[PDB]
Amino acid sequence: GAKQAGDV
Amino acid sequence: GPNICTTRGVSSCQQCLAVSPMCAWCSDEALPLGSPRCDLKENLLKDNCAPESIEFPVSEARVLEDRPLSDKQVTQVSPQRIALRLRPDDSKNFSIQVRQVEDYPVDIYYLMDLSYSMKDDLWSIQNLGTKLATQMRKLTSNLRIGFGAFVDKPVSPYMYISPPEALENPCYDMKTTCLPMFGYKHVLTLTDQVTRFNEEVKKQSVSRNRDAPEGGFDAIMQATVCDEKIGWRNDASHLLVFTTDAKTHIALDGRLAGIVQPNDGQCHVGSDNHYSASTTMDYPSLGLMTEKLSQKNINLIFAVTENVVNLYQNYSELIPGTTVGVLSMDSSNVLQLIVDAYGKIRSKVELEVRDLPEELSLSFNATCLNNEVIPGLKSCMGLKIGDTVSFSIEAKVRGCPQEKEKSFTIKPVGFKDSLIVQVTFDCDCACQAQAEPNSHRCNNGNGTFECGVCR
Amino acid sequence: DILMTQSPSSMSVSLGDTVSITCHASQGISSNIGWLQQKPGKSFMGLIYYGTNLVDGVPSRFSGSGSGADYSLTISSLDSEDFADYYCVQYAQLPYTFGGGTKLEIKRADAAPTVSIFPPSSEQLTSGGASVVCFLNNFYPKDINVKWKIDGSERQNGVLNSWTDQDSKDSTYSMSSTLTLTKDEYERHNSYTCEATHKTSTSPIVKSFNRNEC
Amino acid sequence: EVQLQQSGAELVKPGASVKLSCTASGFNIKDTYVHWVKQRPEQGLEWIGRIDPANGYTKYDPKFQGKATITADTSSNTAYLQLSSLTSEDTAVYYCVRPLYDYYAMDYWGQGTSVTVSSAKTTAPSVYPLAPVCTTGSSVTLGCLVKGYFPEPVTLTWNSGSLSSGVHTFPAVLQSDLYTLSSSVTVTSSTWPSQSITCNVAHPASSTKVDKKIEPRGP
Amino acid sequence: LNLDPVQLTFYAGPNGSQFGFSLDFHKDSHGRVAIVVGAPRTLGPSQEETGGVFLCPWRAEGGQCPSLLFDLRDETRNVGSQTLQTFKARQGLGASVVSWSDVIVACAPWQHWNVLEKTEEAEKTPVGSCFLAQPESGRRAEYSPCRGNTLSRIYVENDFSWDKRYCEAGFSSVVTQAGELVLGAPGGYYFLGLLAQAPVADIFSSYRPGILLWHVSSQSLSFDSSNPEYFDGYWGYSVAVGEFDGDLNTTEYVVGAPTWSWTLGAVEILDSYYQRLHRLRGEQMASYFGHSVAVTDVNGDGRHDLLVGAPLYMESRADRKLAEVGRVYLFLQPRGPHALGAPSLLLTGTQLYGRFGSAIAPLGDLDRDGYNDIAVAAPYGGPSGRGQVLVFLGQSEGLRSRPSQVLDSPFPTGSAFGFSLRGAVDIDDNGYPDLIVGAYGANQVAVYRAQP
Ligand SMILES: *[C@@H]1O[C@H](CO)[C@@H](O[C@@H]2O[C@H](CO)[C@@H](O[C@@H]3O[C@H](CO[C@H]4O[C@H](CO[C@H]5O[C@H](CO)[C@@H](O)[C@H](O)[C@@H]5O)[C@@H](O)[C@H](O[C@H]5O[C@H](CO)[C@@H](O)[C@H](O)[C@@H]5O)[C@@H]4O)[C@@H](O)[C@H](O[C@H]4O[C@H](CO)[C@@H](O)[C@H](O)[C@@H]4O)[C@@H]3O)[C@H](O)[C@H]2NC(C)=O)[C@H](O)[C@H]1NC(C)=O
Ligand SMILES: *[C@@H]1O[C@H](CO)[C@@H](O[C@@H]2O[C@H](CO)[C@@H](O[C@@H]3O[C@H](CO[C@H]4O[C@H](CO)[C@@H](O)[C@H](O)[C@@H]4O)[C@@H](O)[C@H](O[C@H]4O[C@H](CO)[C@@H](O)[C@H](O)[C@@H]4O)[C@@H]3O)[C@H](O)[C@H]2NC(C)=O)[C@H](O)[C@H]1NC(C)=O
Ligand SMILES: *[C@@H]1O[C@H](CO)[C@@H](O)[C@H](O)[C@H]1NC(C)=O
Ligand SMILES: *[C@@H]1O[C@H](CO)[C@@H](O)[C@H](O)[C@H]1NC(C)=O
Ligand SMILES: *[C@@H]1O[C@H](CO)[C@@H](O)[C@H](O)[C@H]1NC(C)=O
Ligand SMILES: [Ca+2]
Ligand SMILES: [Ca+2]
Ligand SMILES: [Ca+2]
Ligand SMILES: [Ca+2]
Ligand SMILES: [Ca+2]
Ligand SMILES: [Ca+2]
Ligand SMILES: [Mg+2]
């Protein structure tokens, strides 16, 4: 579930 | 038997020269009436004609201006001014040397990913930009450089569309500020003003959108196909440097924003410098980018951060003639690609003649890098900065022109430098200056006495 | 918090009637209102959600209506099973709040109580206590008042009252009242009285005994 | 069939804690909000709070913040309500609730869990026969007083259940921590005292069973 | 081979409406076949783009169709100390349409949604929604499984897990024979993608107007992942159902993920619990392998075969040059519990930028020889790029590499002829299954009838 998959 | 000099009227010294370049006139009054005055120079001297009395012009060339070729004003042709002096129907040759001194013209257009993910990379891309400018300027004085920025298609779901405040400040929910989102901004047209380019690059700051993949390919397409806006020069090497730290959107992604119209491959920038089709037209396909890059003769360089190198290396293989370099705090990697691109540039030296008289005809011999005199050739190919080629030109006049003084130019195509060749047509004999108005010896209404003869 | 004022708190109705329970919110709650039923001794069953939607299984004779701050539940043609308590709940805002409830009760003809007074048992008197019990049985309507007098003076502290629910057979109500006092005081007085006031009479039904008199 | 199965009746002490449970049957507990509601005779229905058992997030009425802790466990398909620092105000029936369709509704209810907060120790009832006083009419009424027991319930019958008609057994009332209850029975005057009428009280909590024959009052 | 190209029938929608973007055959209770057409840019009753659906009755002459009505009014509900909001502007109603029994399911993948709570919000985002219609009774329902009431902050505090705010549910849709609606939601879980399943019956019985957030207890959504291969994969860009585990009691799902694994692309075969049974990987990056998926037994052995489209596939050509033409991959199903191996046949487009494999339609048995057949769209194919649809007859060895027939677009440039297709139904009752082709660019649909 947990992720940093945006514009970051 | 007889020669052309003796057996052609030859009433005067002037007609003697007019016959053929091998003819000589004997002015000696001690010469007997039996011996001819207009003859070969060998025949006269053998017939006791005074060596001082013989009139036999020799054609020549004089180097008037001869500045040396330059090293590293800029002199590229040498000599610059020759004075030719020709007798009737005669010719004369002369040498010319041409060197490629001036630096080759290169255009670099720089695309900046200014999405939020590039916040920590912002310094890296400002550094790369200003290093491209500064270091490639040291490599070539004929650099032009410009830039643009991109984020993504400003439309939901890519764009944050709430609360209303978020449109002007997409960082609103983080209690900070950042610029409004945009598709592609053209910021600075290709210019030779490096100091200004560096200032603008340093003023740039990030924006923000929602999804990791960005709209850089819209920017690549518009940067390729908007000739007048970006300002690519015709005879100039074109380099498009593209920066990012993330994936890129590709054709058919647009359907998630409701956009189904395929990319038309045409320019849609115009007055406000924004890609106006950003929200109504899909991302370009790899094949279309390939087509237009090739058509506009532009070399793509992906300058991407290490986490995506493998991605862009793989896209690179699908767009032939594209290269990838690593964006980082260090700019060495990417600069080498450009230097390597500059290393492969080669030039030609093709001579053209301006203002050649009707009477004068020319013929050339080219000594190029192979050091072989290819005759009847006035162009060499495959030169780098520093290389020197050499030509031997021969000029032949038709008879004796009434104009008596003319000039023409020999100028390499695409060079400011040239060779001015001044031409003088020497048809008279020096003894005609000593005219003696009174006949003295004729005394039958003939008039004058020159070089030992009546009319 | 939103206050839910339900009305009436009870009504006496008959089989086959059509009845309505109203609920007034202290502000607009835009149909975010449910209606609940609790049958005697049983748990809750949802009847309506979002103002008018019947919960699956609920009979068509139940219907909901209203808007803003004022809503209603209507039961058309009552059934024996429909004599229960009903509550509204709003869920416009947390905390969810409930109405006070409406009790549907069976209407019948009026009936006077059968008052019976009982002195303390011998067993109790030996153990040191003394309770005088009074049953007021099978009366209607449910409202009733009991008064105790010892030698004519009204006794108030130490009285304990209990009421039955409406009887299943004759729809009447019954009450029990117990006056407990120390045996010591009990043996100090002669006359003990149990007076029942009910709408079936303008004067009370009095039942008495005099201590030790047979 | 959706059904919410709550845990059994609780007899607890003031100042202690108790933890009620509610287990899903014919559905998964994470499917919807699960709420907890308090009911009392006088004060009525009060909403305590809710949990979203998928993620554990809760909401409470400030009135119960501190006292109430709602939890849930998707492993066992159960939701819990824990009450700390128990008092006489926490004596009530507690329900767990969930919506049918509407996210926010309160449609399906458990059977309820009863919680009685009390310091009282277990106490067997005193049972007393209530015979009438000294004229006689067409019908006669007798009774039975049951005093000072704890906890509920007692089961009172007449002639071991052979005399059910004409009976009124009243609900127990609480006084000084113990329960009192009474019952009346009416018959025709030709029935009693000619035939025997005995009161039968049973208090399972104290393992007691008492019978009391109603005798007529003598001189 | 035998679709009649001379006698076409043209059905037309309004200008700019994209009438023909999606379509399907629809059969009423009586048995009469109509054509459902999706028109995702149709103007609503207040001159604002909402999209629409049209139900076309079969005529040889064609013409205009009646609009199948849906509620296009935005909704607000202040409930539970929150404010729920639906936004139907530019929602693209009819971006996908599908029919099952006497029900039509039309979807608005870009319907936006928001929840407000004091100064915070969920964020106004395209959750998408599907509208369900039962024409012969007039009943209407909705299904919008990605709507939530979680505020922006909580997603951040949980690293954006189970984030359904950008689902675009109904982006693609299919219905099983039993009546389970399956929706593709390629924006699900922060653009990984997800599938939502629910029985049509249950959608209808749990829906009431004005509630906005409700429970469909029989529903089943796929899962979130922290596996980067799945990131931005658009899993559910396309969807399809068939039989792939030799167990007729269970249904299998075919899902397209055209940008799966850094634009490598993929299609997965799954069970109804969303357990992966097989994965087919793309051949070339950015080829959009998985844009289209079709299921049909083409070699007459009674085992469903799989067809996948990669419409931006670039073919190798002389002097190391690449040419975007598109490709379709045929996978024949073997016997037993054995996996689908390599492609049994690759079909490659021939027109540059043609997008061959943009749509793949099972045609049933067009020529009635015993083997099922397919059509494959090249929306910008043909020598002038107007569009082209190619028929491939089935055989014992699979499909023929050569098409049996080619249909050239009768519409002008830009029509996107073939962007949508549907077959396997006999519309005129002649005993042969016919072909409906949509040209959304030209706001029209063209019916081709199969003849002896
Ligand atoms: C561009 O480069 C070319 C190539 O270097 C150069 O060509 C010379 O051009 C000049 C005039 O412009 C020529 O001059 C003429 O020469 C005539 C006789 O030449 C013969 O003899 C040469 C020497 O022979 C011996 O030595 C050589 C090796 O050194 C050896 O091969 C022989 O076997 C022998 O041992 C010989 O090189 C030359 O050969 C060339 O010509 C023949 C014939 O076409 C050709 O077939 C060969 O392949 C070869 O290219 C030849 O055999 C001479 O008769 C003539 O004189 C007449 O005219 C002048 C006026 O113009 C009068 O003054 C005179 O009275 C006669 O009427 C003239 O002198 C010279 O021969 C060329 N050399 C060569 C090698 O081609 C150009 O000048 C260059 N152009 C510029 C603009 O720079
Ligand atoms: C950019 O493009 C490159 C090149 O295409 C991609 O790297 C390749 O990725 C593929 C997966 O798609 C890898 O394939 C796997 O190879 C494994 C063994 O390979 C050995 O031999 C190669 C020779 O080139 C060595 O380089 C490598 O180190 C190994 O020693 C197999 O074990 C794998 O099989 C498993 O997965 C597949 C699914 O495809 C199953 O079918 C199998 O049954 C099994 O489970 C697989 O075949 C390959 O190794 C990579 N090639 C190279 C040259 O590195 C990048 O991924 C791509 N990157 C981006 C961002 O697009
Ligand atoms: C050109 O030709 C002449 C013939 O007079 C020869 O002597 C000389 O070597 C040549 N000079 C040049 C500069 O090419
Ligand atoms: C569609 O638009 C065109 C011009 O853009 C116009 O000629 C035509 O009338 C329109 N179609 C209809 C059905 O009105
Ligand atoms: C198939 O299996 C399920 C259990 O997994 C069973 O409940 C169902 O009835 C079966 N269906 C048929 C048609 O046999
Ligand atoms: Ca970064
Ligand atoms: Ca983006
Ligand atoms: Ca199966
Ligand atoms: Ca097969
Ligand atoms: Ca066939
Ligand atoms: Ca047919
Ligand atoms: Mg970014």
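Virtual Cβ from ideal backbone geometry, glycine too; neighbours counted across all protein chains shown. The values are calculated or read from the model by the stated rules, or taken from the named source; nothing here is a laboratory result.
Residue count for segment B:352-382, restricted to those that are under 30 Å from B:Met136 (Cβ atoms) and not in a strand (DSSP E or B): 2. Return the residues of segment E:102-128 that are on the phi < 0 side of the Ramachandran plot, out of contact with any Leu (no Cβ under 7 Å at 6 or more places or on another chain) and not in a strand (DSSP E or B); say none if nothing qualifies. E:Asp102, E:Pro109, E:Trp110, E:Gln111, E:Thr119, E:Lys124, E:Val127, listed by residue number.
Return only the number of the condition from (1) in contact with a strand residue (DSSP E or B) (Cβ under 9 Å, 6 or more places away or on another chain); (2) within 16 Å of ligand 12 (Cβ to nearest atom) that B:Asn273 does not satisfy. Of the numbered conditions (1) in contact with a strand residue (DSSP E or B) (Cβ under 9 Å, 6 or more places away or on another chain); (2) within 16 Å of ligand 12 (Cβ to nearest atom), the odd one out for B:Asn273 is (2). Within segment B:113-124, residues that are in the same structural domain as B:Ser205 (by CATH) and charged (D, E, K, R) have Cβ atoms under 7 Å from residues that are assigned to a loop (DSSP other than H, G, I, E, B) and more than 16 Å from ligand 4 (Cβ to nearest atom) in these pairs: B:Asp113/B:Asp245; B:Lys119/B:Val206; B:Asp121/B:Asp245, counting only partners at least 6 apart in sequence or on another chain. Of all residues in segment B:378-399, those that are away from every other protein chain (no Cβ under 14 Å) have Cβ atoms under 8 Å from Cβ atoms of residues that are among the aromatic types (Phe, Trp, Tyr) and more than 10 Å from ligand 1 (Cβ to nearest atom), 6 or more apart or on another chain, in B:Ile385/B:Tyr104; B:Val397/B:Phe425.
Show me the strands (runs of 3 or more DSSP E) found entirely inside segment B:57-160 where at least 2 residues are within 16 Å of ligand 11 (Cβ to nearest atom). Talk me through it step by step, then tell me what you get.
Values: elements: B:60-65, B:81-86, B:91-99, B:106-113, B:143-150.
Once the strands (runs of 3 or more DSSP E) in segment B:57-160 are filtered for at least 2 residues that are within 16 Å of ligand 11 (Cβ to nearest atom), nothing remains.
Select from segment C:140-162 the residues that are hydrophobic (A, V, I, L, M, F, W, C) and either outside any strand (DSSP E or B) or away from every other protein chain (no Cβ under 14 Å) (or both) and list them in ascending order. Result: C:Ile144, C:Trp148, C:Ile150.
Answer yes or no: is there a residue in segment E:333-347 that is away from ligand 8 (no atom under 16 Å from the Cβ) and within 13 Å of chain B (Cβ to nearest Cβ). No, segment E:333-347 has no match at all.
Yes or no, residue by residue, for (1) more than 16 Å from ligand 4 (Cβ to nearest atom); (2) surrounded by fewer than 22 Cβ atoms within 10 Å (Cβ to Cβ); (3) more than 11 Å from every other protein chain (Cβ to nearest Cβ); (4) of a type in the set (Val, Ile, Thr):
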residue	(1), (2), (3), (4)
B:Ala149	yes, no, yes, no
B:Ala166	yes, yes, no, no
B:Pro170	yes, no, no, no
B:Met174	yes, yes, no, no
B:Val201	yes, no, yes, yes
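Kindly evaluate C:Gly57 against the criterion of being surrounded by fewer than 21 Cβ atoms within 10 Å (Cβ to Cβ), more than 8 Å from every other protein chain (Cβ to nearest Cβ) and not charged (D, E, K, R).
Working: surrounded by fewer than 21 Cβ atoms within 10 Å (Cβ to Cβ): yes; more than 8 Å from every other protein chain (Cβ to nearest Cβ): yes; not charged (D, E, K, R): yes.
The answer is yes for C:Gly57.
Of the residues that make up segment C:175-182, is at least one more than 21 Å from the chain's Cα centre (by Cα) and at the interface with another protein chain (Cβ under 10 Å from one of its Cβ atoms)? Looking for residues that are more than 21 Å from the chain's Cα centre (by Cα) and at the interface with another protein chain (Cβ under 10 Å from one of its Cβ atoms), one finds at least one in segment C:175-182, hence yes.
Among the residues making up segment C:23-54, those that are assigned to a strand (DSSP E or B) and β-branched (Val, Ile, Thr) are C:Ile33, C:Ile48. Considering only residues that are part of a loop (DSSP other than H, G, I, E, B) and aromatic (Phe, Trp, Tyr), look in segment C:81-139 and name the one that is surrounded by the most Cβ atoms within 10 Å (Cβ to Cβ). Here the residue is C:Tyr96.
On inspection, B:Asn127 qualifies as more than 14 Å from chain A (Cβ to nearest Cβ) and closer than 30 Å to B:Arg144 by Cβ.
Can you pull out the strands (runs of 3 or more DSSP E) entirely within segment E:1-90 that have at least 2 residues that are closer than 30 Å to E:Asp408 by Cα and of a type outside the set (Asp, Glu)?
Details: elements: E:3-12, E:22-27, E:33-39, E:52-57, E:76-79, E:82-87.
Counting at least 2 such residues, we get E:3-12, E:22-27, E:33-39, E:52-57.
Is it the case, given these coordinates, that D:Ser75 is surrounded by fewer than 17 Cβ atoms within 10 Å (Cβ to Cβ), hydroxyl-bearing (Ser, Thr, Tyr) and farther than 20 Å from D:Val2 by Cα? Against the criterion (surrounded by fewer than 17 Cβ atoms within 10 Å (Cβ to Cβ), hydroxyl-bearing (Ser, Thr, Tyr) and farther than 20 Å from D:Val2 by Cα), D:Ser75 does not qualify. If you filter segment B:1-26 down to residues that are of a type outside the set (A, V, I, L, M, F, W, C) and more than 14 Å from B:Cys427 (Cα to Cα), you find that the one that is surrounded by the fewest Cβ atoms within 10 Å (Cβ to Cβ) is B:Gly1. For E:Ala133, the criteria (1) closer than 19 Å to E:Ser206 by Cβ; (2) of a type in the set (A, V, I, L, M, F, W, C); (3) within 14 Å of another protein chain (Cβ to nearest Cβ); (4) out of contact with any helix residue (DSSP H, G or I) (no Cβ under 7 Å at 6 or more places or on another chain) hold in every case but one, which is (3).
So for segment D:117-129 (the condition being within 30 Å of C:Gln90 (Cα to Cα), among the basic types (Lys, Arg) and under 26 Å from the mean Cα position of the chain (by Cα)), does at least one residue qualify? Step through it out loud before you land on a result.
Applying the first criterion (within 30 Å of C:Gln90 (Cα to Cα)) to segment D:117-129 yields D:117.
After this cut, where a residue has to be among the basic types (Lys, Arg) as well, the list is none.
No, the conditions are met nowhere in segment D:117-129.
Taking the listed residues E:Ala286, E:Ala294, the one that is in a loop (DSSP other than H, G, I, E, B), of a type in the set (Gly, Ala, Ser) and buried (at least 24 other Cβ atoms within 10 Å of the Cβ) is E:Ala286, with no other qualifying. Candidates are the residues of segment E:255-280 that are within 16 Å of ligand 2 (Cβ to nearest atom), away from every other protein chain (no Cβ under 14 Å) and over 17 Å from the mean Cα position of the chain (by Cα); the one that is nearest to E:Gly418 (Cα to Cα) is E:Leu280. Take the conditions (1) within 15 Å of B:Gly216 (Cα to Cα); (2) touching a helix residue (DSSP H, G or I) at 6+ places or on another chain (Cβ under 7 Å); B:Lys296 misses just one of them, which is (1).
For residues in segment B:213-246 being in a loop (DSSP other than H, G, I, E, B) and surrounded by 21 or more Cβ atoms within 10 Å (Cβ to Cβ), which is farthest from ligand 3 (Cβ to nearest atom)? Reasoning before the result, please.
Kept after step one, since they are in a loop (DSSP other than H, G, I, E, B), are these residues of segment B:213-246: B:213, B:215, B:226, B:231-236, B:245-246.
Add one more test, that the residue is surrounded by 21 or more Cβ atoms within 10 Å (Cβ to Cβ), and what stays is B:213, B:215, B:226, B:232, B:245-246.
Values: B:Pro213: 66, B:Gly215: 63, B:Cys226: 51, B:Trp232: 42, B:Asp245: 62, B:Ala246: 64 Å.
The extreme case among them is B:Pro213.
Does E:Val298 meet the test of being within 30 Å of D:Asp102 (Cβ to Cβ) and not polar (S, T, N, Q)? Against the criterion (within 30 Å of D:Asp102 (Cβ to Cβ) and not polar (S, T, N, Q)), E:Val298 does not qualify.
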